[PDB]
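Containing mmCIF, C-alpha atoms and all ligand atoms: query-v9.cif.
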```cif
data_run
loop_
_atom_site.label_atom_id
_atom_site.label_comp_id
_atom_site.auth_asym_id
_atom_site.auth_seq_id
_atom_site.Cartn_x
_atom_site.Cartn_y
_atom_site.Cartn_z
CA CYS A 56 -90.80 17.39 -22.66
CA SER A 57 -88.26 17.49 -19.85
CA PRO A 58 -86.15 14.33 -19.39
CA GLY A 59 -87.14 13.83 -15.73
CA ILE A 60 -90.95 13.64 -16.15
CA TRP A 61 -92.66 10.27 -15.67
CA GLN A 62 -96.35 9.38 -15.71
CA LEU A 63 -97.74 6.62 -13.47
CA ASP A 64 -101.16 4.99 -13.78
CA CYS A 65 -102.83 1.69 -12.91
CA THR A 66 -104.92 -0.38 -15.31
CA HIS A 67 -106.85 -3.63 -14.85
CA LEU A 68 -106.74 -6.95 -16.67
CA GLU A 69 -107.91 -10.46 -15.72
CA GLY A 70 -108.96 -9.14 -12.32
CA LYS A 71 -105.40 -8.01 -11.51
CA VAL A 72 -103.77 -4.58 -11.25
CA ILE A 73 -100.99 -3.42 -13.59
CA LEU A 74 -98.94 -0.38 -12.61
CA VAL A 75 -97.62 1.40 -15.71
CA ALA A 76 -94.95 4.12 -15.72
CA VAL A 77 -94.13 6.06 -18.90
CA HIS A 78 -91.09 8.23 -19.57
CA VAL A 79 -93.06 10.95 -21.31
CA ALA A 80 -90.20 12.26 -23.45
CA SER A 81 -89.25 8.89 -24.97
CA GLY A 82 -92.25 6.54 -24.67
CA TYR A 83 -90.18 4.11 -22.59
CA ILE A 84 -92.28 2.02 -20.20
CA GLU A 85 -91.89 0.09 -16.97
CA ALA A 86 -94.81 -2.00 -15.77
CA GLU A 87 -95.61 -4.59 -13.13
CA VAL A 88 -98.56 -6.56 -11.84
CA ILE A 89 -99.25 -5.56 -8.23
CA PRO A 90 -101.59 -7.42 -5.84
CA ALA A 91 -103.52 -4.37 -4.64
CA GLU A 92 -104.00 -0.80 -5.86
CA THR A 93 -102.58 0.73 -2.67
CA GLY A 94 -100.36 3.57 -1.56
CA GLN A 95 -97.80 1.08 -0.27
CA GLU A 96 -97.42 -0.61 -3.66
CA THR A 97 -97.21 2.79 -5.36
CA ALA A 98 -94.60 4.05 -2.91
CA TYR A 99 -92.43 0.95 -3.29
CA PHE A 100 -92.67 1.16 -7.08
CA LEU A 101 -91.63 4.83 -7.07
CA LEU A 102 -88.60 4.08 -4.90
CA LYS A 103 -87.46 1.37 -7.31
CA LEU A 104 -87.97 3.59 -10.34
CA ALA A 105 -86.15 6.55 -8.81
CA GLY A 106 -83.12 4.42 -7.98
CA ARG A 107 -82.78 3.38 -11.60
CA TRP A 108 -83.60 6.62 -13.48
CA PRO A 109 -83.29 10.32 -12.62
CA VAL A 110 -86.94 10.95 -11.69
CA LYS A 111 -87.66 14.64 -11.06
CA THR A 112 -91.44 14.96 -11.45
CA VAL A 113 -94.31 12.49 -11.62
CA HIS A 114 -97.71 12.93 -13.26
CA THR A 115 -100.84 10.76 -13.22
CA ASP A 116 -104.38 10.70 -14.60
CA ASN A 117 -105.84 9.94 -11.13
CA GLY A 118 -104.54 12.52 -8.67
CA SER A 119 -106.01 10.68 -5.69
CA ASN A 120 -103.29 8.07 -6.30
CA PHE A 121 -100.79 10.32 -4.53
CA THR A 122 -102.71 11.28 -1.37
CA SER A 123 -101.42 8.56 0.96
CA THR A 124 -98.81 9.57 3.53
CA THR A 125 -96.83 6.52 2.40
CA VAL A 126 -96.51 7.78 -1.18
CA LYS A 127 -95.72 11.29 0.05
CA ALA A 128 -92.90 9.94 2.22
CA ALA A 129 -91.42 8.07 -0.73
CA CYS A 130 -91.51 11.13 -2.98
CA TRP A 131 -89.97 13.12 -0.15
CA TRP A 132 -87.05 10.73 0.37
CA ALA A 133 -86.23 10.36 -3.33
CA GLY A 134 -86.67 14.09 -4.02
CA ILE A 135 -89.63 13.70 -6.41
CA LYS A 136 -92.05 16.58 -7.01
CA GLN A 137 -95.50 16.45 -8.54
CA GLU A 138 -95.74 17.52 -12.18
CA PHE A 139 -97.96 20.51 -12.94
CA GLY A 140 -97.11 21.23 -16.60
CA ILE A 141 -99.35 18.51 -18.06
CA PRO A 142 -103.00 19.65 -18.16
CA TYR A 143 -105.69 16.98 -17.83
CA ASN A 144 -107.91 16.78 -20.94
CA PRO A 145 -110.56 13.99 -21.01
CA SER A 153 -103.09 5.84 -24.63
CA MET A 154 -100.19 3.43 -24.27
CA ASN A 155 -102.13 1.54 -21.61
CA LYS A 156 -104.30 0.34 -24.49
CA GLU A 157 -101.32 -0.24 -26.80
CA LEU A 158 -99.69 -2.19 -23.94
CA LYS A 159 -102.83 -4.29 -23.49
CA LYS A 160 -102.61 -4.99 -27.23
CA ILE A 161 -99.12 -6.49 -26.89
CA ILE A 162 -100.09 -8.46 -23.76
CA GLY A 163 -102.95 -10.11 -25.65
CA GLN A 164 -100.60 -10.96 -28.51
CA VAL A 165 -98.22 -12.87 -26.22
CA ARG A 166 -100.62 -13.94 -23.47
CA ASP A 167 -100.80 -17.57 -24.62
CA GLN A 168 -97.00 -17.90 -24.37
CA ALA A 169 -96.97 -17.60 -20.56
CA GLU A 170 -98.93 -19.08 -17.69
CA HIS A 171 -98.95 -15.99 -15.45
CA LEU A 172 -100.16 -12.53 -16.43
CA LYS A 173 -97.15 -10.94 -14.73
CA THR A 174 -94.90 -12.83 -17.16
CA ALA A 175 -96.86 -11.67 -20.20
CA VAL A 176 -96.64 -8.09 -18.93
CA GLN A 177 -92.83 -8.20 -18.83
CA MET A 178 -92.78 -9.82 -22.26
CA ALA A 179 -94.91 -6.92 -23.51
CA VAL A 180 -92.66 -4.32 -21.87
CA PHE A 181 -89.70 -5.93 -23.62
CA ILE A 182 -91.42 -5.87 -27.01
CA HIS A 183 -92.59 -2.28 -26.61
CA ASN A 184 -89.24 -0.86 -25.49
CA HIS A 185 -87.25 -2.59 -28.26
CA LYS A 186 -89.67 -2.09 -31.17
CA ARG A 187 -88.40 0.15 -33.98
CA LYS A 188 -90.50 3.30 -34.38
CA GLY A 193 -85.82 5.19 -36.31
CA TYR A 194 -84.77 4.32 -32.77
CA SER A 195 -86.58 2.29 -30.12
CA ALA A 196 -87.95 3.67 -26.87
CA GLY A 197 -85.10 2.07 -24.92
CA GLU A 198 -82.57 3.72 -27.21
CA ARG A 199 -84.28 7.12 -26.97
CA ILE A 200 -84.46 7.29 -23.18
CA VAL A 201 -80.73 6.63 -22.71
CA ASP A 202 -79.79 9.20 -25.36
CA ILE A 203 -82.16 11.79 -23.88
CA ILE A 204 -80.83 11.28 -20.36
CA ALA A 205 -77.22 11.02 -21.54
CA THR A 206 -77.56 14.21 -23.57
CA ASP A 207 -79.13 15.90 -20.54
CA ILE A 208 -76.11 15.04 -18.36
CA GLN A 209 -73.86 17.11 -20.63
CA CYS B 56 -65.84 -4.47 -20.54
CA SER B 57 -68.59 -4.78 -23.14
CA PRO B 58 -71.74 -2.70 -22.51
CA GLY B 59 -74.11 -5.69 -22.61
CA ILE B 60 -72.53 -7.82 -19.84
CA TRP B 61 -74.39 -8.17 -16.54
CA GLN B 62 -73.57 -10.26 -13.47
CA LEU B 63 -76.33 -11.81 -11.34
CA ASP B 64 -75.91 -13.30 -7.87
CA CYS B 65 -78.00 -13.92 -4.76
CA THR B 66 -76.99 -12.96 -1.23
CA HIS B 67 -78.69 -13.48 2.13
CA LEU B 68 -79.68 -11.08 4.89
CA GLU B 69 -82.16 -11.37 7.79
CA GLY B 70 -83.16 -14.81 6.54
CA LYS B 71 -84.28 -13.41 3.18
CA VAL B 72 -82.83 -13.64 -0.33
CA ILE B 73 -81.57 -10.60 -2.26
CA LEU B 74 -81.01 -10.92 -6.00
CA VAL B 75 -78.29 -8.51 -7.15
CA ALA B 76 -77.51 -7.65 -10.79
CA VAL B 77 -74.46 -5.55 -11.70
CA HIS B 78 -73.74 -3.82 -15.00
CA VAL B 79 -70.08 -4.78 -15.04
CA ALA B 80 -68.88 -1.88 -17.18
CA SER B 81 -70.43 0.88 -15.03
CA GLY B 82 -71.03 -0.52 -11.53
CA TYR B 83 -74.77 0.18 -11.85
CA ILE B 84 -76.92 -2.15 -9.75
CA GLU B 85 -80.46 -3.49 -9.66
CA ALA B 86 -81.52 -5.54 -6.66
CA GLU B 87 -84.65 -7.04 -5.15
CA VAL B 88 -85.68 -9.21 -2.24
CA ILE B 89 -87.16 -12.46 -3.57
CA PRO B 90 -89.07 -15.02 -1.46
CA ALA B 91 -87.15 -18.08 -2.65
CA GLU B 92 -83.85 -18.72 -4.42
CA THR B 93 -85.49 -20.48 -7.36
CA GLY B 94 -85.21 -20.71 -11.12
CA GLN B 95 -88.63 -19.13 -11.49
CA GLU B 96 -87.64 -16.01 -9.56
CA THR B 97 -84.38 -15.80 -11.51
CA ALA B 98 -86.15 -16.19 -14.85
CA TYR B 99 -88.73 -13.52 -14.04
CA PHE B 100 -86.00 -11.14 -12.87
CA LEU B 101 -84.00 -11.65 -16.09
CA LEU B 102 -87.06 -10.93 -18.23
CA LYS B 103 -87.66 -7.66 -16.39
CA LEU B 104 -84.02 -6.62 -16.66
CA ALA B 105 -83.79 -7.45 -20.36
CA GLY B 106 -86.86 -5.36 -21.15
CA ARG B 107 -85.27 -2.31 -19.57
CA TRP B 108 -81.61 -2.60 -20.68
CA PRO B 109 -79.88 -4.19 -23.69
CA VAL B 110 -78.73 -7.41 -21.99
CA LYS B 111 -76.47 -9.50 -24.24
CA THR B 112 -74.59 -11.80 -21.84
CA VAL B 113 -75.02 -12.75 -18.20
CA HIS B 114 -72.38 -13.98 -15.76
CA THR B 115 -72.64 -15.34 -12.22
CA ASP B 116 -70.44 -16.68 -9.42
CA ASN B 117 -72.69 -19.76 -8.98
CA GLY B 118 -73.12 -21.44 -12.36
CA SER B 119 -75.74 -23.86 -11.02
CA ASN B 120 -78.05 -20.81 -10.84
CA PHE B 121 -78.69 -21.13 -14.58
CA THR B 122 -79.43 -24.86 -14.92
CA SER B 123 -83.23 -24.74 -14.61
CA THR B 124 -85.24 -25.14 -17.80
CA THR B 125 -87.22 -22.09 -16.67
CA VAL B 126 -84.15 -19.83 -16.67
CA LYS B 127 -82.98 -21.29 -19.98
CA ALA B 128 -86.35 -20.51 -21.57
CA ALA B 129 -86.17 -16.92 -20.37
CA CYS B 130 -82.65 -16.42 -21.73
CA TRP B 131 -83.80 -18.00 -24.98
CA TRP B 132 -86.80 -15.70 -25.42
CA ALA B 133 -84.90 -12.50 -24.59
CA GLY B 134 -81.85 -13.51 -26.65
CA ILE B 135 -79.42 -13.67 -23.70
CA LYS B 136 -76.25 -15.77 -23.90
CA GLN B 137 -74.03 -16.92 -21.07
CA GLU B 138 -70.84 -14.92 -20.54
CA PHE B 139 -67.56 -16.81 -20.90
CA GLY B 140 -64.99 -13.97 -20.85
CA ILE B 141 -64.96 -13.55 -17.05
CA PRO B 142 -62.78 -16.22 -15.40
CA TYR B 143 -63.73 -17.34 -11.89
CA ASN B 144 -60.98 -16.59 -9.34
CA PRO B 145 -61.76 -17.37 -5.65
CA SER B 153 -67.47 -7.38 -3.89
CA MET B 154 -70.36 -4.96 -4.27
CA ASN B 155 -72.62 -7.43 -2.49
CA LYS B 156 -70.68 -6.48 0.64
CA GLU B 157 -70.65 -2.77 -0.23
CA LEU B 158 -74.41 -3.04 -0.83
CA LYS B 159 -74.91 -4.71 2.55
CA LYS B 160 -72.98 -1.78 4.02
CA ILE B 161 -75.48 0.74 2.64
CA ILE B 162 -78.47 -1.40 3.69
CA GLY B 163 -77.22 -1.43 7.27
CA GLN B 164 -76.76 2.34 7.17
CA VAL B 165 -80.42 2.93 6.22
CA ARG B 166 -82.03 -0.18 7.71
CA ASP B 167 -83.57 1.68 10.67
CA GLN B 168 -85.37 4.08 8.31
CA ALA B 169 -87.69 1.39 6.93
CA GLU B 170 -89.83 -1.38 8.38
CA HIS B 171 -89.28 -3.93 5.59
CA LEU B 172 -85.94 -5.16 4.30
CA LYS B 173 -87.15 -4.88 0.71
CA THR B 174 -87.62 -1.14 1.26
CA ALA B 175 -84.11 -0.70 2.67
CA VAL B 176 -82.71 -2.59 -0.31
CA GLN B 177 -84.27 -0.15 -2.79
CA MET B 178 -83.07 2.77 -0.67
CA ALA B 179 -79.57 1.30 -0.87
CA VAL B 180 -79.80 0.80 -4.64
CA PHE B 181 -80.80 4.45 -4.96
CA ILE B 182 -77.88 5.64 -2.83
CA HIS B 183 -75.37 3.44 -4.66
CA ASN B 184 -76.43 4.39 -8.18
CA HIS B 185 -76.48 8.15 -7.47
CA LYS B 186 -73.32 8.41 -5.33
CA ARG B 187 -70.48 10.45 -6.85
CA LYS B 188 -67.38 8.33 -7.52
CA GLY B 193 -66.63 12.09 -11.32
CA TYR B 194 -69.93 10.63 -12.49
CA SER B 195 -72.31 8.29 -10.70
CA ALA B 196 -73.06 4.72 -11.73
CA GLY B 197 -76.46 5.75 -13.10
CA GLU B 198 -74.81 8.43 -15.22
CA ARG B 199 -72.12 6.06 -16.49
CA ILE B 200 -74.45 3.28 -17.64
CA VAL B 201 -76.58 5.60 -19.79
CA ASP B 202 -73.51 7.20 -21.38
CA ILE B 203 -71.91 3.80 -22.03
CA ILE B 204 -75.07 2.42 -23.63
CA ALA B 205 -75.80 5.67 -25.48
CA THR B 206 -72.26 5.80 -26.84
CA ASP B 207 -72.58 2.15 -27.88
CA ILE B 208 -75.71 2.90 -29.93
CA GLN B 209 -73.70 5.26 -32.16
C1 LIG C 301 -94.06 -20.52 -14.33
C2 LIG C 301 -93.22 -20.82 -15.58
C3 LIG C 301 -92.71 -22.13 -15.67
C4 LIG C 301 -91.93 -22.54 -16.77
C5 LIG C 301 -91.40 -23.94 -16.80
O1 LIG C 301 -90.67 -24.36 -15.91
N1 LIG C 301 -91.73 -24.69 -17.85
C6 LIG C 301 -91.23 -26.03 -18.11
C7 LIG C 301 -90.20 -25.91 -19.26
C8 LIG C 301 -89.46 -27.22 -19.59
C9 LIG C 301 -90.18 -28.09 -20.64
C10 LIG C 301 -91.70 -28.25 -20.43
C11 LIG C 301 -92.13 -28.33 -18.95
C12 LIG C 301 -92.44 -26.95 -18.35
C13 LIG C 301 -91.66 -21.58 -17.78
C14 LIG C 301 -92.16 -20.27 -17.72
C15 LIG C 301 -92.95 -19.86 -16.60
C16 LIG C 301 -93.51 -18.42 -16.45
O2 LIG C 301 -93.33 -17.86 -15.13
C17 LIG C 301 -92.06 -17.37 -14.68
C18 LIG C 301 -91.62 -16.08 -15.42
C19 LIG C 301 -90.95 -18.43 -14.69
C20 LIG C 301 -92.35 -17.01 -13.22
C21 LIG C 301 -95.00 -18.37 -16.87
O3 LIG C 301 -95.67 -17.41 -16.42
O4 LIG C 301 -95.46 -19.27 -17.61
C22 LIG C 301 -91.69 -19.48 -18.96
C23 LIG C 301 -91.17 -20.61 -19.90
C24 LIG C 301 -90.84 -21.82 -19.02
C25 LIG C 301 -90.51 -18.54 -18.58
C26 LIG C 301 -89.95 -17.69 -19.74
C27 LIG C 301 -91.06 -16.96 -20.51
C28 LIG C 301 -90.46 -16.24 -21.72
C29 LIG C 301 -92.16 -17.94 -20.95
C30 LIG C 301 -92.76 -18.69 -19.75
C1 LIG C 302 -94.80 -0.05 5.13
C2 LIG C 302 -94.49 1.44 5.16
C3 LIG C 302 -95.47 2.27 5.75
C4 LIG C 302 -95.30 3.66 5.85
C5 LIG C 302 -96.39 4.48 6.47
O1 LIG C 302 -97.53 4.48 6.00
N1 LIG C 302 -96.06 5.23 7.52
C6 LIG C 302 -96.95 6.17 8.19
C7 LIG C 302 -96.50 7.59 7.77
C8 LIG C 302 -97.41 8.72 8.29
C9 LIG C 302 -97.01 9.25 9.68
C10 LIG C 302 -96.69 8.17 10.73
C11 LIG C 302 -97.56 6.91 10.62
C12 LIG C 302 -96.94 5.84 9.70
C13 LIG C 302 -94.11 4.22 5.32
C14 LIG C 302 -93.11 3.43 4.73
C15 LIG C 302 -93.29 2.01 4.63
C16 LIG C 302 -92.24 1.08 3.97
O2 LIG C 302 -92.82 0.11 3.06
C17 LIG C 302 -93.27 0.47 1.75
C18 LIG C 302 -92.11 0.84 0.80
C19 LIG C 302 -94.37 1.55 1.75
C20 LIG C 302 -93.89 -0.83 1.25
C21 LIG C 302 -91.38 0.38 5.04
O3 LIG C 302 -90.80 -0.67 4.69
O4 LIG C 302 -91.30 0.88 6.19
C22 LIG C 302 -91.95 4.34 4.25
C23 LIG C 302 -92.27 5.68 4.97
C24 LIG C 302 -93.75 5.68 5.32
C25 LIG C 302 -92.03 4.53 2.71
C26 LIG C 302 -90.93 5.43 2.11
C27 LIG C 302 -89.53 5.00 2.57
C28 LIG C 302 -88.48 5.98 2.05
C29 LIG C 302 -89.46 4.89 4.10
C30 LIG C 302 -90.52 3.92 4.65
#
```

Let me see whether you can do it: turn the structure in this file into structure tokens.
Amino acid sequence: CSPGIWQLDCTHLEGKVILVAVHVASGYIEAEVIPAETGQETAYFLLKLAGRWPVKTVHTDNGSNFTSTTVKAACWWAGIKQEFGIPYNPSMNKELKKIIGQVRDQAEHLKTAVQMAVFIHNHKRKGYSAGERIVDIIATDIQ
Amino acid sequence: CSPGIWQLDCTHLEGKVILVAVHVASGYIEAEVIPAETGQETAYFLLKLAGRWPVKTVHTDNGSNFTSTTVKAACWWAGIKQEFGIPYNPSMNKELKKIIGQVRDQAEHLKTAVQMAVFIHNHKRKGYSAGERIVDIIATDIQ
């Protein structure tokens, strides 16, 4: 997979919304609890992500996520296009919920447990970790 | 400078608080508006940062920032130590305020303009950009 492709999806836990972004080529994840599943939260999240990584295309399992003018304006400003090379055929959201449950009792707030789970996931040895693979993929792509 | 050293500081604009983290070796920045200048916001921010980058030591220009038990617990869990190799002698916070002012009229909310400014800063050509330098520094360090 190309080094600039990211997938964004929302999942639900404890009555709250978790926005999950996956760097498809490496398995690296960024995730955050958001108050509402809205175009404004999505747009703000995409702007943050694009300022930290070289985001070229974005995919999702719910295409209606990207219909708001707010999201479109954010993609426009950051130069993000929609991904079309990933067919929809009806993963880590469940594996991420697994880690959250493992650490949930260590934190009061769900948003804390989510970041603990992101940390665990990105640094776990699978023989590099996801965090190691993304930087080497993007670094190699620069050259 | 070592590839795992980050500097964290808060600055103020429009009556709000902006938390600014700098990867000292590359100039790469992450920044966010936070509601209050509190140990809980600092701790949560450090947990997010450490799950995304290999954070080994953290420095600051206001040492009292790191006295709360909440921050200490976060550093403990993520394995972060305090940096001692950067003497205090009384930069980018001003350069970042410069970019914010340049784009401020393009967004309603300050928090949006901040992320726009982070994007501009990390992708500006200075002949690589900060975003390119951090990944190559960390990738080279893995090997
Ligand atoms: C709200 C809250 C409060 C405290 C706190 O001040 N506890 C004191 C400690 C001193 C001795 C006992 C008296 C109680 C702590 C956390 C949190 C956490 O929320 C934030 C991320 C800070 C926003 C949460 O969601 O629970 C930690 C540990 C300490 C943060 C680090 C993390 C790995 C584990 C959870
Ligand atoms: C709150 C808000 C609302 C709208 C919006 O829905 N405008 C519509 C567009 C359709 C046509 C005119 C009618 C009005 C827009 C933004 C924001 C922004 O706050 C968030 C990041 C989304 C949380 C802000 O702080 O202003 C953007 C552009 C569009 C986001 C992208 C960014 C590069 C520039 C600012």

Would you tabulate, counting all atoms listed in the file, all residues of segment 91-160 of chain A that have an atom at most 12 Å from an atom of segment 60-84 of chain B, showing the closest pair of atoms and their distance in Å to one decimal, sorted by chain then ascending number, as CSV?
```
residue,atom,partner,partner_atom,distance
A:103,CA,B:84,CA,11.4
A:106,CA,B:84,CA,9.2
A:107,CA,B:84,CA,8.3
A:108,CA,B:83,CA,11.0
```

Calculated over all atoms listed in the file, which of the candidates B:120, B:195, B:57, B:174 has the smallest distance to chain A?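 Using all atoms listed in the file, the shortest distance to chain A belongs to B:174.
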
Give the residue list for ligand LIG 301 (chain C) at 8 Å, counting all atoms listed in the file, as a list in words, sorted by chain and then by residue number.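 Counting only what the definition allows, namely all atoms listed in the file, the set is residues 168, 169, 170, 171, 172, 173, 174, 175 and 178 of chain A; 94, 95, 96, 97, 98, 99, 100, 102, 123, 124, 125, 126, 127, 128, 129, 130, 131, 132 and 133 of chain B.
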
Those residues you just picked out, can you put them in a file as a compact mmCIF listing (two decimals), in the coordinates of the input with C-alpha atoms?
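Okay, selection_24.txt is ready:
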```txt
# COMPACT_ATOMS: atom_id res chain seq x y z
CA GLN A 168 -97.00 -17.90 -24.37
CA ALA A 169 -96.97 -17.60 -20.56
CA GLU A 170 -98.93 -19.08 -17.69
CA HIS A 171 -98.95 -15.99 -15.45
CA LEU A 172 -100.16 -12.53 -16.43
CA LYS A 173 -97.15 -10.94 -14.73
CA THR A 174 -94.90 -12.83 -17.16
CA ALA A 175 -96.86 -11.67 -20.20
CA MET A 178 -92.78 -9.82 -22.26
CA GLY B 94 -85.21 -20.71 -11.12
CA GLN B 95 -88.63 -19.13 -11.49
CA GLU B 96 -87.64 -16.01 -9.56
CA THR B 97 -84.38 -15.80 -11.51
CA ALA B 98 -86.15 -16.19 -14.85
CA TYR B 99 -88.73 -13.52 -14.04
CA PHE B 100 -86.00 -11.14 -12.87
CA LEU B 102 -87.06 -10.93 -18.23
CA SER B 123 -83.23 -24.74 -14.61
CA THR B 124 -85.24 -25.14 -17.80
CA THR B 125 -87.22 -22.09 -16.67
CA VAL B 126 -84.15 -19.83 -16.67
CA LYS B 127 -82.98 -21.29 -19.98
CA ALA B 128 -86.35 -20.51 -21.57
CA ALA B 129 -86.17 -16.92 -20.37
CA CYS B 130 -82.65 -16.42 -21.73
CA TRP B 131 -83.80 -18.00 -24.98
CA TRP B 132 -86.80 -15.70 -25.42
CA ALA B 133 -84.90 -12.50 -24.59
```

I'd like the box whose edges run along x, y and z of the file and which contains every listed atom of ligand LIG 302 (chain C), padded by 4 Å per side; could you state its centre and edge lengths in Å, one decimal, as AutoDock Vina command-line options?
```
--center_x -93.0 --center_y 4.2 --center_z 5.8 --size_x 17.1 --size_y 18.1 --size_z 17.9
```

Residues of chain B within 6 Å of chain A, counting only C-alpha atoms, as JSON, numbers by chain: {"B": [103, 106, 177, 180, 181, 201, 202, 205]}

From A:112, A:135, A:157, A:58, residue lying nearest ligand LIG 302 (chain C) [all atoms listed in the file]: A:135

So, with all atoms listed in the file as the atoms that count, which of B:166, B:115, B:122, B:159 lies closest to residue 138 of chain B?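 Smallest separation from residue 138 of chain B among the options: B:115.
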
What separation in Å, quoted to one decimal, exists between atom CA of residue 136 of chain B and atom CA of residue 114 of chain B? 9.2 Å

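From atom CA of residue 154 of chain A back to atom CA of residue 117 of chain A, the distance works out to 15.7 Å.
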
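Of note, atom CA of residue 165 of chain B and atom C11 of ligand LIG 302 (chain C) are spaced 18.1 Å apart.
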
Is there a way to complete segment 167-181 of chain B with N, CA, C and O atoms and then write that out as a compact mmCIF listing (two decimals), in the frame of the given file?
```txt
# COMPACT_ATOMS: atom_id res chain seq x y z
N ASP B 167 -82.66 1.18 9.64
CA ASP B 167 -83.57 1.68 10.67
C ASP B 167 -84.59 2.67 10.13
O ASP B 167 -85.54 3.01 10.85
N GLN B 168 -84.44 3.13 8.90
CA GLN B 168 -85.37 4.08 8.31
C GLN B 168 -86.58 3.42 7.68
O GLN B 168 -87.52 4.13 7.30
N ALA B 169 -86.59 2.10 7.56
CA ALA B 169 -87.69 1.39 6.93
C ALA B 169 -88.07 0.18 7.76
O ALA B 169 -87.23 -0.41 8.45
N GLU B 170 -89.35 -0.19 7.68
CA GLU B 170 -89.83 -1.38 8.38
C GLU B 170 -89.37 -2.65 7.67
O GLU B 170 -88.87 -3.58 8.31
N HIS B 171 -89.52 -2.71 6.35
CA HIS B 171 -89.28 -3.93 5.59
C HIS B 171 -87.91 -3.91 4.94
O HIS B 171 -87.46 -2.87 4.43
N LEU B 172 -87.24 -5.06 4.95
CA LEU B 172 -85.94 -5.16 4.30
C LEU B 172 -86.01 -4.76 2.84
O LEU B 172 -85.13 -4.06 2.33
N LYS B 173 -87.06 -5.19 2.13
CA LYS B 173 -87.15 -4.88 0.71
C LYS B 173 -87.13 -3.38 0.47
O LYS B 173 -86.57 -2.93 -0.54
N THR B 174 -87.71 -2.59 1.38
CA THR B 174 -87.62 -1.14 1.26
C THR B 174 -86.18 -0.66 1.41
O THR B 174 -85.68 0.13 0.60
N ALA B 175 -85.49 -1.14 2.45
CA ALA B 175 -84.11 -0.70 2.67
C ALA B 175 -83.23 -1.06 1.48
O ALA B 175 -82.32 -0.31 1.13
N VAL B 176 -83.49 -2.20 0.85
CA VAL B 176 -82.71 -2.59 -0.31
C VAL B 176 -82.84 -1.54 -1.42
O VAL B 176 -81.85 -1.07 -1.98
N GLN B 177 -84.08 -1.13 -1.72
CA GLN B 177 -84.27 -0.15 -2.79
C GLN B 177 -83.67 1.20 -2.40
O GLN B 177 -83.13 1.92 -3.25
N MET B 178 -83.76 1.57 -1.12
CA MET B 178 -83.07 2.77 -0.67
C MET B 178 -81.58 2.66 -0.93
O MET B 178 -80.94 3.62 -1.37
N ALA B 179 -81.00 1.48 -0.68
CA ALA B 179 -79.57 1.30 -0.87
C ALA B 179 -79.20 1.32 -2.35
O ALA B 179 -78.14 1.83 -2.73
N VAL B 180 -80.05 0.74 -3.21
CA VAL B 180 -79.80 0.80 -4.64
C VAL B 180 -79.77 2.25 -5.10
O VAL B 180 -78.88 2.67 -5.85
N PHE B 181 -80.75 3.03 -4.64
CA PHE B 181 -80.80 4.45 -4.96
C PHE B 181 -79.51 5.15 -4.56
O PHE B 181 -78.89 5.85 -5.37
```
